[PDB]
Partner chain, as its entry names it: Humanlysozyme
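In C-alpha cells, the next block holds one chain alone, the form solved without its partner chain.
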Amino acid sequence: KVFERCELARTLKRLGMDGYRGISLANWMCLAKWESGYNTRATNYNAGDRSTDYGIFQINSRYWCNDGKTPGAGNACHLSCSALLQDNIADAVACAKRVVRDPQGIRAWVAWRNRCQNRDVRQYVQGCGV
C-alpha cells in the first residue's frame, strides 16, 4: 500500500506514534516519506552486507527482523521481516517503537539525519487533523 500523506498521519496517530519517546508525528512522517515514499512494500537489498531494508520505515534485517538470510542477524523486534511488508502498519509501528527505545532514538535512520533533523517538518502534518 502506498499511503497518501494525511491518511498516514492519522494512521500513525491512532497507533500511538505522536510524541512516542518525545518524537513528534511530523518527524515520523518525514522519516516514512524519505525512507519509502510512504510505501509499505518497499525493499532495498544491500549487496555489500547481505541485509535488506523492509517496509514503510525501511527497517534493516541485520538487527531488527528475521528473514532467514541475514548473518548473525538479531530479530530485536521479534518479527518475520514479512510482517513489515503488510498494508497494515501496526507491526511496523511496533518495530519502529522498538528501534527508537535504543540510545540513538530516531537518529538510527541516516535518512532522518539527512532530511528531517534540524529541519522545518511542519509541512508533513499540515491539514491532516492531527
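Numbering follows the first chain given and starts at 1.
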Should the higher mean CA B-factor in the entry be assigned to 12-20 or to 102-110? 102-110
Is the mean CA B factor in the deposited entry higher across 41-49 or across 93-101? 41-49
If you rank the chain by CA B-factor, which third does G68 end up in: lowest, middle or highest? middle
Looking at the temperature factor on the CA atom of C128, which third of the chain's modelled residues does it land in? middle
